[PDB]
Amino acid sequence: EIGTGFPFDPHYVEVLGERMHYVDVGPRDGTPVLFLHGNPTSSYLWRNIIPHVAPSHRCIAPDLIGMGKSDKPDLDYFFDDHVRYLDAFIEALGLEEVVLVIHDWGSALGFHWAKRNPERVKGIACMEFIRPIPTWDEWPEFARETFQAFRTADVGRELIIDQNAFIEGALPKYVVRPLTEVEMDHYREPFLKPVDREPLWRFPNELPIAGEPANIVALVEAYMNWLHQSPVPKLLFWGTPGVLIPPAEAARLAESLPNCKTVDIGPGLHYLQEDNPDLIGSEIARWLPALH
């Protein structure tokens, strides 16, 4: 069975007046591997991947502001909020060079950080990452009505805030295998209080779909252009049918992105880490020393 435990000691750092939680395991020095979750997850998402990497490399996995075990400031939780807190987290830990391992909004954060700090990114492993979705036509049908409703005034907050639809609905609907109740309870814990679900609602409203919001579309286009022109080593995991990165997109990217390896994980929708963590972890571990 895929592991349900979270056997990592909590670490905390004060960031912009707020405490942020992170995992910090493996060697205490050397290039760290920075794992960035997205919506509506936490460092828990990486629990079965980190043990493959920690034998060789320091592993750092923060909980984004307002998520996981991190503090809950009264923010609007726009992408720019997350940018500010993650930038300040990285500086608070004194990180210099990093390897990024990124997913969903963690990928938007990671790629955006890399474009702005290109000399400090030694490699990027990514999966089910955020790219511009030019039309609803390209958003897979099985999840389209949901995300459209998430992005609709009043309806979206009833679903995500009042009814916890991101946790109880979208999350398990984006894993091919069934999540267990222990796993669901780990994902539920930060969000037992409805008001605390603001990040979960703002995130889908930030997705670059059909040209809006235009500032996020621009930001994401900018880092995708950066990624097409960067020689940084890249490792792209993909599943079938996928969500953000369908198989045909993964194959196009394998050709268009420089120095890119693609790994097929088999069945997968969005949270690929919950369907095939062993292959993702073992392949990252095999790939890291090649960043040499």
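Numbers for residues come from their place in the sequence shown, where the first is 1.
**Q** Got a sec? Mean C-alpha B-factor, which is higher, 196-204 or 179-187?
**A** Per the PDB entry, the higher value belongs to 179-187.
**Q** Would you determine, from the values in the PDB entry, which of 139-147 and 218-226 has the greater average C-alpha temperature factor?
**A** The stretch with the larger mean CA B-factor is 139-147.
**Q** Maximum C-alpha temperature factor per the entry, among 30, 62, 38, 266, belongs to which one?
**A** The listed residue with the largest C-alpha B-factor is 30.
**Q** Checking the entry, which one of 80, 71, 104, 212 has the top C-alpha B factor?
**A** Comparing C-alpha B-factors across 80, 71, 104, 212, the top value belongs to 212.
**Q** Determine, from the deposited record, the chain-internal third of the Cα B-factor for residue 58: lowest, middle or highest.
**A** Lowest third of the chain for residue 58's C-alpha B-factor.
**Q** Lowest, middle or highest third: where is residue 252 by C-alpha B factor in its chain?
**A** As the PDB entry reports it, the C-alpha B-factor of residue 252 lands in the highest third of its chain.
**Q** Split the chain's modelled residues into thirds by Cα B-factor; is residue 34 in the lowest, middle or highest one?
**A** Its C-alpha B-factor, which the entry lists for residue 34, ranks in the lowest third among residues of this chain.
**Q** So where's residue 259 on the chain's Cα temperature factor ranking, which third?
**A** CA B-factor rank for residue 259: highest third.
**Q** Determine, from the deposited record, the chain-internal third of the Cα B-factor for residue 170: lowest, middle or highest.
**A** According to the entry, residue 170 has a C-alpha B-factor in the chain's highest third.
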